[PDB]
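S.K.: Next comes the structure file start.cif, holding mmCIF, C-alpha atoms.
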```
data_run
#
loop_
_atom_site.label_atom_id
_atom_site.label_comp_id
_atom_site.auth_asym_id
_atom_site.auth_seq_id
_atom_site.Cartn_x
_atom_site.Cartn_y
_atom_site.Cartn_z
CA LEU A 402 10.75 10.76 -4.30
CA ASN A 403 8.91 12.13 -1.25
CA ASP A 404 5.92 13.04 -3.42
CA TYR A 405 5.89 9.57 -4.98
CA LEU A 406 6.07 7.86 -1.58
CA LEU A 407 3.37 9.99 0.05
CA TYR A 408 0.88 9.59 -2.85
CA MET A 409 -1.13 6.38 -2.48
CA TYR A 410 -3.57 4.92 -5.00
CA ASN A 411 -4.30 1.92 -2.73
CA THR A 412 -5.35 1.56 0.90
CA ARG A 413 -3.32 3.95 3.03
CA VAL A 414 -0.65 2.65 5.37
CA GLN A 415 0.42 4.38 8.57
CA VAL A 416 3.18 7.00 8.57
CA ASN A 417 4.97 8.77 11.44
CA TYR A 418 6.40 12.22 10.77
CA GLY A 419 9.57 13.56 12.33
CA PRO A 420 10.28 16.87 14.05
CA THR A 421 11.81 18.72 11.09
CA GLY A 422 10.03 19.63 7.88
CA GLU A 423 12.73 18.26 5.60
CA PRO A 424 11.65 15.94 2.76
CA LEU A 425 11.73 12.16 3.27
CA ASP A 426 11.80 12.76 7.06
CA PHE A 427 9.28 10.09 8.11
CA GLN A 428 8.83 6.40 8.90
CA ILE A 429 6.44 4.46 6.67
CA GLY A 430 4.92 0.99 6.81
CA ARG A 431 4.01 -1.55 9.45
CA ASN A 432 7.66 -2.41 10.12
CA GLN A 433 8.65 1.30 10.32
CA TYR A 434 11.28 1.60 7.60
CA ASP A 435 13.36 4.76 8.03
CA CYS A 436 13.48 7.04 4.98
CA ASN A 437 16.03 9.52 6.34
CA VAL A 438 18.82 7.61 4.59
CA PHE A 439 17.55 8.58 1.13
CA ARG A 440 18.03 12.32 1.60
CA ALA A 441 21.10 13.57 -0.24
CA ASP A 442 24.32 13.97 1.75
CA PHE A 443 27.45 14.62 -0.30
CA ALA A 444 29.85 13.73 2.53
CA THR A 445 29.03 10.01 2.38
CA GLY A 446 26.60 9.59 -0.54
CA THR A 447 23.86 8.12 1.63
CA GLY A 448 20.95 8.03 -0.80
CA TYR A 449 22.51 7.27 -4.19
CA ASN A 450 24.96 4.85 -5.78
CA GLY A 451 28.21 4.45 -3.92
CA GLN B 352 0.77 -20.58 -9.22
CA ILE B 353 -1.77 -17.90 -10.23
CA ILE B 354 -3.24 -15.26 -7.93
CA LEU B 355 -5.42 -12.26 -8.77
CA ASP B 356 -5.91 -8.66 -7.69
CA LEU B 357 -8.49 -5.92 -8.16
CA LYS B 358 -8.19 -3.12 -10.70
CA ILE B 359 -7.38 0.48 -9.77
CA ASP B 360 -9.89 2.06 -12.16
CA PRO B 361 -11.88 4.86 -10.48
CA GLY B 362 -15.60 5.13 -11.01
CA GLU B 363 -16.98 1.68 -10.21
CA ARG B 364 -15.13 1.61 -6.87
CA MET B 365 -17.03 4.71 -5.71
CA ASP B 366 -20.28 2.89 -6.49
CA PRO B 367 -21.49 1.48 -3.14
CA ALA B 368 -23.83 -1.29 -4.31
CA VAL B 369 -21.26 -3.06 -6.49
CA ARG B 370 -18.65 -2.79 -3.73
CA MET B 371 -20.98 -4.27 -1.10
CA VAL B 372 -22.14 -7.10 -3.38
CA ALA B 373 -18.54 -7.97 -4.27
CA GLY B 374 -17.51 -7.87 -0.61
CA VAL B 375 -20.31 -10.28 0.29
CA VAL B 376 -19.59 -12.63 -2.63
CA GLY B 377 -15.80 -12.79 -2.33
CA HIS B 378 -15.77 -14.40 1.11
CA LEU B 379 -17.69 -17.36 -0.36
CA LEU B 380 -16.05 -17.43 -3.79
CA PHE B 381 -12.33 -17.60 -2.93
CA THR B 382 -9.96 -19.39 -0.57
CA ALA B 383 -7.20 -17.78 1.51
CA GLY B 384 -6.57 -20.57 4.00
CA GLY B 385 -3.51 -21.98 5.70
CA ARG B 386 -2.53 -24.30 2.83
CA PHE B 387 -2.73 -22.05 -0.24
CA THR B 388 -4.13 -18.69 -1.30
CA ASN B 389 -5.86 -17.31 -4.37
CA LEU B 390 -5.90 -13.65 -3.28
CA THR B 391 -3.25 -11.06 -2.54
CA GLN B 392 -3.32 -9.41 0.88
CA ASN B 393 -4.47 -6.04 -0.48
CA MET B 394 -7.52 -7.55 -2.20
CA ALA B 395 -8.46 -9.42 0.98
CA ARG B 396 -8.22 -6.18 2.97
CA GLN B 397 -10.40 -4.39 0.39
CA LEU B 398 -13.05 -7.13 0.57
CA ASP B 399 -12.98 -6.95 4.38
CA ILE B 400 -13.54 -3.18 4.22
CA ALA B 401 -16.39 -3.72 1.75
#
```
Represent the structure of the file as structure tokens.

M.R.:
Amino acid sequence: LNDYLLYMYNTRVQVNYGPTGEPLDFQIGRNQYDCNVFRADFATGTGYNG
Amino acid sequence: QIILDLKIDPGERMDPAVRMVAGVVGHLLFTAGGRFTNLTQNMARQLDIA
């Protein structure tokens, strides 16, 4: 999912990277949508169904 | 009811002359005013860059 998001075949939009090097750890777009919620966390199921 | 967008085919986009001619023509050919639009935002940005 990180590779799909970061690969752009159109005009590039701005992206702000976070401190850690974990995947999906960035904010993308003009309105700064946070993508940290899509990383897997089995305690609450943050990124998947449920 | 109908809008239009540019193709993603490589090749002809890297050609400078076609890109410049299209960028000059599109500002006179289409309408993106305050009442209705014919173009998507991405195509308008591409024509502005051209």

S.K.: Smallest atom-to-atom distance to chain A: which of B:370, B:388, B:352, B:364, using all atoms listed in the file?

M.R.: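 Closest residue, counting all atoms listed in the file: B:364.
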
S.K.: Record the distance separating CA of residue 447 (chain A) and CA of residue 413 (chain A), expressed in Å with one decimal.

M.R.: 27.5 Å

S.K.: When the PyMOL selection byres ((chain A) within 8 of (chain B)) is applied to the file above, which residues end up in the set, as an MDAnalysis selection string?

M.R.: chainID A and resid 410:412

S.K.: Name the residues that the PyMOL selection byres ((chain A and resi 438) around 10) picks from the file above, as a list in words, using the file's chain letters and numbers.

M.R.: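 On the file shown, the PyMOL selection byres ((chain A and resi 438) around 10) covers residues 425, 426, 435, 436, 437, 439, 440, 441, 442, 446, 447, 448 and 449 of chain A.
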
S.K.: Between CA of residue 362 (chain B) and CA of residue 415 (chain A), what is the distance in Å, rounded to a tenth?

M.R.: 25.3 Å

S.K.: For the structure shown, which residues end up in the PyMOL selection byres ((chain B and resi 401) around 9)? Put them as a ChimeraX atom specification, please?

M.R.: /B:367,370-375,396-400

S.K.: Please indicate the distance in Å from CA of residue 418 (chain A) to CA of residue 406 (chain A), rounded to one decimal place.

M.R.: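 Interatomic distance, CA of residue 418 (chain A) to CA of residue 406 (chain A): 13.1 Å.
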
S.K.: Can you report as lines of an AutoDock Vina configuration file the centre and edge lengths in Å, to one decimal, of an axis-aligned box around the listed atoms of region 411-427 of chain A padded with 4 Å on each side?

M.R.:
```
center_x = 3.7
center_y = 10.6
center_z = 5.7
size_x = 26.1
size_y = 26.1
size_z = 24.8
```
